[PDB]
There are 2 protein chains.
Amino acid sequence: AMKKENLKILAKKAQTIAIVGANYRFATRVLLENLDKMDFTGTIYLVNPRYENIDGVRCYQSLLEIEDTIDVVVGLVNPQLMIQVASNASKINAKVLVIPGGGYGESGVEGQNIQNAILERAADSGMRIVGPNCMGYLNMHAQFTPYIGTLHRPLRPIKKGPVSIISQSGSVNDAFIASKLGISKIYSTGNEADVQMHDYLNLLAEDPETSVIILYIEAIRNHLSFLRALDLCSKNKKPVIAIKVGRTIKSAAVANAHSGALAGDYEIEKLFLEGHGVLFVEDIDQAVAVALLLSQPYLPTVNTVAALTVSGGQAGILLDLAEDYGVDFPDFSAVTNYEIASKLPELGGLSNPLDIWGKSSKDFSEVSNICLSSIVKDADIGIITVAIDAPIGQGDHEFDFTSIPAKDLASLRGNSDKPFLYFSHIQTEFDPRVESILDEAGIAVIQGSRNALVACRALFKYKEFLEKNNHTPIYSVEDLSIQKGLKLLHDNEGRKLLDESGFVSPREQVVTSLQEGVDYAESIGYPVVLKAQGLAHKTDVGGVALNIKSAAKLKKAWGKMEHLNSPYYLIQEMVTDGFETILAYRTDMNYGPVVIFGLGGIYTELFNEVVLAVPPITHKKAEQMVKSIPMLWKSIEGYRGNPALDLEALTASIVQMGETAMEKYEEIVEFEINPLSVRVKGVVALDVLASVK
Amino acid sequence: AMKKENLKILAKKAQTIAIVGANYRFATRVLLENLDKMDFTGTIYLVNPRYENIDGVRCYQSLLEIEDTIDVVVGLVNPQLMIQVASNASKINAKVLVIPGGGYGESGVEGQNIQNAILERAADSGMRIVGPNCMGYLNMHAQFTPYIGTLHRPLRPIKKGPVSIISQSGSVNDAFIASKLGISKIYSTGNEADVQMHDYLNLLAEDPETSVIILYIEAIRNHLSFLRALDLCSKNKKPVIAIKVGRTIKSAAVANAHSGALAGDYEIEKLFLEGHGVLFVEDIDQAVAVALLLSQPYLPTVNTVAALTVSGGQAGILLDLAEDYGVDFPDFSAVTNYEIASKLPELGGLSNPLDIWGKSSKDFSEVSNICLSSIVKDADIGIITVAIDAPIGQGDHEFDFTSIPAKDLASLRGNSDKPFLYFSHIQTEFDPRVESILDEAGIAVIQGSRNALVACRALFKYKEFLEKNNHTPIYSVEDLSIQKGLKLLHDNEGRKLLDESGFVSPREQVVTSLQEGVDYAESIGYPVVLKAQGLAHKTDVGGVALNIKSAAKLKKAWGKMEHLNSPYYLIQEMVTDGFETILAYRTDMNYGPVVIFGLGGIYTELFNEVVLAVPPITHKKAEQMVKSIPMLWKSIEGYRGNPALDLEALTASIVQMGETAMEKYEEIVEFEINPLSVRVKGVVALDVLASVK
Ligand SMILES: Nc1ncnc2c1ncn2[C@@H]1O[C@H](COP(=O)(O)OP(=O)(O)OP(=O)(O)O)[C@@H](O)[C@H]1O
Ligand SMILES: Nc1ncnc2c1ncn2[C@@H]1O[C@H](COP(=O)(O)OP(=O)(O)OP(=O)(O)O)[C@@H](O)[C@H]1O
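Criteria and cut-off values
- Residues numbered from 1 in each chain as written, not as in the entry; some residues may be left out.
- Chains lettered and ligands numbered in written order.
- Heavy atoms only, no water.
- Axes fitted to C-alpha atoms, helices over the stretch in contact; angles between N-to-C directions.
- Helix = DSSP H or I, 4+ residues; strand = E, 2+ residues; numbered from the N terminus.
- Parallel < 35°, antiparallel > 145°, perpendicular 65-115°, else oblique.
- Left-handed = near helix turned anticlockwise from the far one by under 90°.
- Contact = heavy atoms within 4.5 Å.
- 1 Å grid on protein atoms, 1.4 Å probe; cavity = no way out; pocket = protein on both sides within 12 Å on 5 of 7 lines; lining within 4 Å.
- Points joined across faces, edges and corners; volume = space filled by probe spheres on them.
- Nonpolar A, V, L, I, M, F, W, Y, C, P; charged D, E, K, R; others polar.
- Near = heavy atom within 4 Å.
- Polar contact = N/O pair within 3.5 Å; in protein donor to acceptor, adjacent residues only side chain to side chain.
- Areas by Shrake-Rupley, 256 points an atom, 1.4 Å probe, with all protein chains shown as cover.
- Domains from an automatic or database assignment.
- Least-squares fit on C-alpha atoms.
- Buried < 20%, exposed > 50% of the residue type's maximum accessible area, 1.4 Å probe, protein only.
- Buried area = accessible area lost by both parts, 1.4 Å probe.
- Salt bridge = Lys/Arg side-chain N within 4 Å of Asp/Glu carboxyl O.
- Pairing = 2+ DSSP bridges.
- Right-handed = clockwise from strand over helix to strand, strands pointing away.
- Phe/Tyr/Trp six-rings, centres within 6.5 Å; stacked < 30°, edge-to-face > 60°.
- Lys NZ or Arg CZ within 6 Å of the ring centre and 35° of its normal.
- Core = buried A, V, L, I, M, F, W, Y, C linked by side-chain atoms within 4.5 Å.
- Expected span 1.5 Å × (residues − 1).

Looking at the entry header, you'll see X-ray crystallography listed as the method and 2.2490 Å as the resolution.

Here it is as structure tokens:
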């Protein structure tokens, strides 16, 4: 017996709970109130040597006094007192001690020590510690709510359901709770002194009561276990949604490569976690919207949406937003628009979103049923939606007509596999009478165009991830140095790496003295290129003489570069013309190698346009990377009467950068080709730069 | 007392309303309920030849039998019969006939005839027509609701306030009515057969019961009149907020110059409308949020925001969002930091947003009061916000807690001039107990961070419009050529403009035969040219040579250009290096000249980076335009060792383009320089394009 068995109770039905420090203050009162109103069937014990009884319930003098097996202890005494609570809870083999209060490892040195002593006393029996400094947790299916916050809400009650949430915030849970989400479990993680996000996530992965997971992430502590927890989730086919706080936080660290400034730590992490299936959103509203749509067991087979409205204006605005969010509302198929213009010749030209109100003499009922019957079967439409404002408090007349397409959606639900969604353009709360109808038929309901669009976008991304089947590999970071400094590699070594990886370098050689430079240059032709050496950025200090015709200009350009006390110089051909890109990889401290590719050259950081990819990179993927940058791609096709460049050579070079990255990331943490010149034939590595540490 | 005086009743108290075609159906019933429930104090008359009474209220057989002065008629009978109603209503000098039924000017040509027949019979007495084909209108301050739609909402009434709305979309009004806006008047424009948007807007401009205006725009019809109404609103210091549909719609109209593609009609219109004070937003939620904040009589003096929260995670998400929306949250002043350090040193270093929860042993009530009292007086902070989720149904303890900063805001409201706002991070419904505290104190309340940020940004924009007090002139499009076919100007006339406008081309001369060219070329020296004339877009068809180093290479090039049968050939000196910009103007069929400026060259449309300005352009305006394009601006300063370019000449160029546009817009509808080369000294137009007719 040990910590592993005890962990399991967090996702299960507890038979008994003891509340230590039970008194007349909010934590106790709300604990008892929650267990009452949420219909806990187990036994509650109160422990406090200061009181005879509370609410008529006996207050025990000690956990040791209780004649029963205790599953879960919630400790409410002060931090100093809590050490002995842990010790007594351990003595009786409590499976879990929940410590909602703060003033621990997250409050300073003294409190870190208290926290350590607690862990040490729990280690004895393997009792788990939840928190400290958190709201606790709740389990709607077990009716067990060791949770410090008011759960009972006559007005807007919590609804039980398939969505579970792990949150590193002790302040956003009521926000999730106040949403329309059907909740199963919510874990507030706190200091994660013992039970961490990956632990809760492992539980959720295999919890039959959860089909959808939401994470609210402030900071991942144990990257490897987290990644493995994510993998357990996809293994179990449970979508995982995340909000990650600190998205725009600089990260001030090292970097010799332009790649450093072009790929933020955040975007690197995002790319890796998406590789493992994470569906990122930006805020709670969006998390909710995505989860509400994913809570229905329907997925799209094609990345397109139909919207049926009763407003021209709103249809117009939705269409504009669809472009902003990159959601495809395509024309209806030729069968569909014939099927409709055949029974409703009075609608005319069909747009998507499609306004179907006041366009016919027929009952709106009939117009609606016709359109949705056809649109539902349309092979070019992945998701079927109705976009209609049906605000709370609307009149009966307004209900009669807004409920009509809901009823239709409900009537077609049993005979389609397509995701259905009724959403309102506006954010305001839905009329419950319309929601009742879609809730009864298992149709998703979302408030707000932007959220519905994010939701749809997220469905698609989820579908793609299921299709990949071959997800992102976990890279070991064990060999990686912990030093926080960077050492620039000698240009020689740089060149050696280009070679060994098959990258083509311009004909070049390193000269020691001026005559040698003239002698070498006069043995290759002009123009050549003269570059100072030992620098990360040569151009800035005038260490790059280009287009130097004749040995006359050569000796002069060398004359102007003497102040840069340059050890050896390098001369190369003047690689004529070719589109400038940047191709590199960096070593992420937690995740491993990542490849960076995009608009390159001296102005690379000003273009600020790249794409990332975790190796290995498939040939298909490299091609998609190229085509995903307009100015890059349109240039390869040959822009405005210009020769088409060597796509296939560029593609291969990207793949190759991927394999080198996999090979050398633990030792070389920066490897960059700026610019990698793309030409009619071949691609040329004009420059190279590598860093270590 | 024709048209003019009758129109004013739309904004005032009506004593009598006659409903023609009254029956037991929804339109009559909802009208009567609306007037009952909004407390209409005037007299209602029912008119219908079929009924002797309706629910025992006398039903007159004819308008003509009512022995009272009738102010407003609502016609509910079918279009055909409506002509007879119009004749009757005009005969008794009714001020307004409201037609919300459909089947008129928008239905068919038949409907069109009925409509003009109705206008015909109204002109007899100057009777105004609302609609047809709309829901009517509502004026909360006169308790008058000739409105076809349920306004009665016993549990969440429409609240009377200072915001008024003109919408070209019926189906949208109830979206607004369901919002938290304090409403004055709402006008639904319908077919705008007689009374149009600008008409409603003029009423609102001088309506003392309106202090904030929202427009939901589908298509401006009378541009001059619209602009003038805008200017009346401006004169009366009433902010105008607008949603304008069609933001993403194509318009491949006009256009020989790249400007056509860089500055689409929608962006052009937007710039002009903003010049007249319009505050654009993207959707209904945003319009609501902006109007809520403007409904309080406080404007900021510096363009910054402070936010106080009880969540570190939501603080963090708010910060991230503030970056996306471009809203400044600066550190607090030295005075604020010092002061709070002196009182709550345990808080440590203050960040903004400031999480004030669980940082102190002090009562939250004391912490909150100290922090807000200090932050309200902080000269570096323009807008004071509390950002706290307080959703409906939250517990008694959660209310007690989330209401604390609301009461503090309420208490400090009296002695600050700064805008105050309490917003939730999430979109969902506020706890009405918290909202009430803010409502009673005249403090803005918004739901959702995005809305909050858009509102703050709009406040800054409005305050800036107020400061310039030197607005966009109205340009006449009177003598503006009314053709639709765009004719390219010959390169001949192009270069003439350059000179007349003071632009300076490269050394250049026109030539006809190769010899004439090889001569001239040798006369000015190489490298040079070569460019075909009378063509596109020459470079697309290989009509531009470049870098021709000898008489040999010239003839080579001149021979490749053979097959494009050019009548003329332009020879110019090869203008060395320097930054490529595009500088132009275009004539907008409705608004007049606009200047386009940005990243130029062959890749101009791919860059898609320009800024627009309506002339006259001040020298300082031109500066901003330049510094607003990072790539351009950084190079002007001198990027990475490269020398600084001539800002003054660039700046002066843009001023000049604005002047040329003012002079020549009614004849030359496109004048474009691509590229305008920015050099170390001076600027040089390498190319020219123009169009007329
Ligand atoms: N062999 C070459 N042929 C033609 N052009 C070259 C050649 N080498 C360098 N250049 C040009 O000089 C520019 C800068 O060269 P290089 O990258 O070596 O210097 P740098 O200061 O180290 O640049 P960075 O650090 O921005 O990558 C290149 O972007 C390219 O335009
Ligand atoms: N006199 C010159 N000196 C140096 N470069 C030049 C000169 N004239 C043109 N160019 C180069 O050739 C490019 C195209 O020339 P130009 O604008 O005259 O033809 P174009 O096809 O009409 O271009 P566009 O349609 O984009 O305006 C310019 O953007 C510039 O880079």
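A. View of the packing of helix α12 (residues 334-341) of chain A against helix α13 (residues 364-377) of chain A. Residue and element names in this part refer to chain A. Contact geometry of α12 with α13 gives a least axis separation of 9 Å together with a crossing angle of 165°. The pairing of α12 with α13 is recorded here as roughly antiparallel in orientation. In this structure, α12 crosses over α13, and the sense of that crossing is right-handed. Between α12 and α13, the residues in contact are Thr336, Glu339 and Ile340 and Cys371, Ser374, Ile375 and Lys377, respectively.

B. A look at empty space enclosed by the protein. Throughout the structure, instances matching the rule amount to 9 cavities of 30 Å³ or more. Space inside the largest cavity adds up to approximately 420 Å³. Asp285(A), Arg450(A), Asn451(A), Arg450(B) and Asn451(B) are the residues nearest the centre of the largest cavity, which is lined by 32 residues in total. The set of elements that each furnish at least two residues to the lining of the largest cavity consists of α10 (284-294), α11 (312-325) and α17 (449-468) of chain A together with α10 (284-294), α11 (312-325) and α16 (449-468) of chain B. Looking at the lining of the largest cavity, its residues break down into 10 nonpolar, 16 polar and 6 charged. Of the voids in this model, the second largest cavity is the one considered here, and its volume is about 210 Å³.

C. Broad picture of the site of ligand 2. All names here are of chain B. Around ligand 2, a shell composed of 20 residues is seen, among which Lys531, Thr539, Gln572, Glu580 and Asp687 lie nearest. A distance of 2.9 Å is found between an oxygen atom of ligand 2 and a backbone nitrogen or oxygen belonging to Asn674. In isolation ligand 2 exposes 610 Å². Once the protein is present, 93% of that is buried. Split into classes, the residues belonging to the shell around ligand 2 amount to 8 nonpolar, 6 polar and 6 charged. Here the shell around ligand 2 spans two domains, and each of domain 3 (507-572) and domain 4 (579-692) adds at least three residues to it.

D. Main features of the relation of the copies chain A and chain B. Here chain A sits on chain B after a turn of 180° about the axis and a move of 0.2 Å along it, with an RMSD of 0.5 Å. The superposition operator between the copies reduces to a two-fold rotation axis. No C-alpha of chain A approaches the rotation axis more nearly than that of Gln427(A), which lies at 3.3 Å. Of the residues that chain A buries at the interface, 96% are likewise interface residues in chain B, meaning the two copies contact each other through the same surface.

E. Local environment of the environment of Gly600(B). Residue and element names in this part refer to chain B. As for its position among the elements, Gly600 is in the loop between β24 (592-599) and α20 (604-607). Overall, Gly600 belongs to the buried group, its relative accessible area being 5%. As a C-alpha pair, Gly600 and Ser373 span 227 residues in sequence and 52 Å in three-dimensional space. In contact with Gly600, other than residues within four places in its own chain, are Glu580, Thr581, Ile582, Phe607 and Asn674.

F. Region of interest: the site of ligand 1. Taken together, 21 residues lie around ligand 1, and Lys531(A), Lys538(A), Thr539(A), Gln572(A) and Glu580(A) are the ones closest in. What surrounds ligand 1 is not a single chain but chains A and B. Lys531(A) places a polar side-chain atom, nitrogen or oxygen, 2.9 Å from an oxygen atom of ligand 1. Alone, ligand 1 offers 600 Å² of accessible surface; in the complex the protein occludes 93% of this. Among the secondary structure elements, those contributing two or more residues to the shell around ligand 1 are β21 (528-531), β22 (544-548), β23 (569-573) and β27 (668-678) of chain A. Looking at the shell around ligand 1, its residues break down into 9 nonpolar, 6 polar and 6 charged.

G. The interface of chain A and chain B, seen in detail. The partner chain B presents 66 residues to the 68 residues of chain A that form the contact. The largest share of the area that chain A buries against chain B comes from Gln427(A), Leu606(A) and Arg640(A), three residues that together contribute 14% of it. Between the two partners, chain A and chain B, sit 8 salt bridges. Ionic pairing is found between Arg640(A) and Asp540(B), a salt bridge with its closest N-O pair at 2.9 Å. Secondary structure elements with two or more residues in the side of chain A that touches chain B: α5 (173-178), α10, α11, α14 (396-402), α17, α21 (604-607) and α23 (630-636) of chain A. Of the residues forming the side of chain A that touches chain B, the biggest block, 10 residues, is contributed by α11(A).

H. Focus on the sheet that holds strand β14 (residues 305-309) of chain A. Residues and elements named next belong to chain A. Strand order in the open sheet formed by 5 strands is β15-β14-β16-β17-β18, with parallel pairing between adjacent strands. At either end of the open sheet lies a strand with only one pairing partner, and these are β15 (354-355) and β18 (444-447). Here β14 pairs with β15 via 2 bridges, running parallel. Residue pairing for β15: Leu308 is matched across the bridge by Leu354. Those strands touched by helix α15 (residues 404-412) are β16 (383-387) and β17 (420-424), and its axis lies near 165° from that of β17.

I. Fine view of the pairing of strand β2 (residues 43-47) of chain B. All names here are of chain B. One ladder, built from 5 bridges, connects strand β1 (residues 16-20) with β2; its direction is parallel. Along β2, the bridge assignment pairs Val20 with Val47. On the question of chirality, the crossover connecting β1 to the parallel β2 by way of helix α2 (residues 26-37) is right-handed. The pairing of β2 with strand β4 (residues 57-60) spans 2 bridges and is parallel. Across the sheet, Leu46 pairs through a bridge with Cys59, a residue of β4.

J. Highlighting the packing of aromatic side chains. Residues and elements named next belong to chain A. For the structure shown, the criterion picks out 31 aromatic pairs over all chains. Ring pairs connect the aromatic residues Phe40, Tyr137, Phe144, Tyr187 and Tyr200, which therefore count as one cluster. Over the aromatic face of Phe420 sits the side chain of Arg413, whose NZ or CZ is 3.8 Å from the ring centroid.

K. Focus on the pattern of salt bridges. Residues and elements named next belong to chain B. Taken as a whole and judged by the stated rule, the model has 58 salt bridges over all chains. We note a salt bridge from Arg121 to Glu120, for which the minimum N-O separation is 3.8 Å. Here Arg121 falls in the partly exposed class, since its relative accessible area comes to 34%. According to the relative accessible area criterion, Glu120 is exposed, its value standing at 57%.

L. Summary view of the nonpolar core. Core analysis: the largest hydrophobic core is formed by 117 residues, its most contacted members being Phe176(A), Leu181(A), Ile241(A), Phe176(B), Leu181(B) and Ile241(B). If near-sequence neighbours (up to four positions away) are discounted, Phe176(A) is found in contact with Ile165(A), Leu181(A), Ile214(A), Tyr216(A), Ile243(A), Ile284(A), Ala287(A) and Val288(A). Grouped together as the second largest cluster of nonpolar side chains are 101 residues, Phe40(B), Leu46(B), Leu215(B) and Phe226(B) included.

M. The arrangement of helix α3 (residues 79-91) of chain A in detail. All names here are of chain A. If you check α3, its first and last C-alpha atoms are 19 Å apart, about what 13 residues at 1.5 Å a residue would give, namely 18 Å. Burial in α3 covers these residues: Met82, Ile83, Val85, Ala86, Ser87, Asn88, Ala89 and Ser90. Capping of α3 at its N-terminal end is provided by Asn78; its side-chain oxygen lies 3.0 Å from the backbone amide nitrogen of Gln80. In the segment just after α3, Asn93 is the residue with positive phi, at about 60°.

N. Local environment of the sheet that holds strand β12 (residues 240-244) of chain B. Residues and elements named next belong to chain B. Judged by pairing direction, the sheet is mixed, and its 6 strands sit side by side in the order β8-β10-β9-β11-β12-β13 without closing on themselves. Edge positions in the sheet fall to β8 (137-139) and β13 (278-281), since each of these pairs with one other strand and no more. On average, adjacent strands in this sheet sit at an angle of 30° to one another, irrespective of strand direction. Alignment of strand β9 (residues 159-167) against strand β10 (residues 182-188), held across 6 bridges, turns out to be parallel. Across the sheet, residue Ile166 finds its bridge partner in β10, namely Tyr187.

O. How the structure looks around the pairing of strand β18 (residues 444-447) of chain B. Residues and elements named next belong to chain B. Residues of β18 alternate between two faces, with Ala444 and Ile446 on one and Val445 and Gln447 on the opposite face, all of them buried. Across 4 bridges, strand β17 (residues 420-424) lies against β18 in parallel orientation. The residue of β18 that forms the bridge with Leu421 is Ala444.

P. Representation of the side chain of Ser424(B) in the model. With respect to the helices and strands, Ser424(B) occurs in strand β17. Not counting residues up to four positions away in its chain, the partners in contact with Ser424(B) are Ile388(B), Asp389(B), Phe430(B), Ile446(B), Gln447(B), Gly448(B) and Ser449(B).

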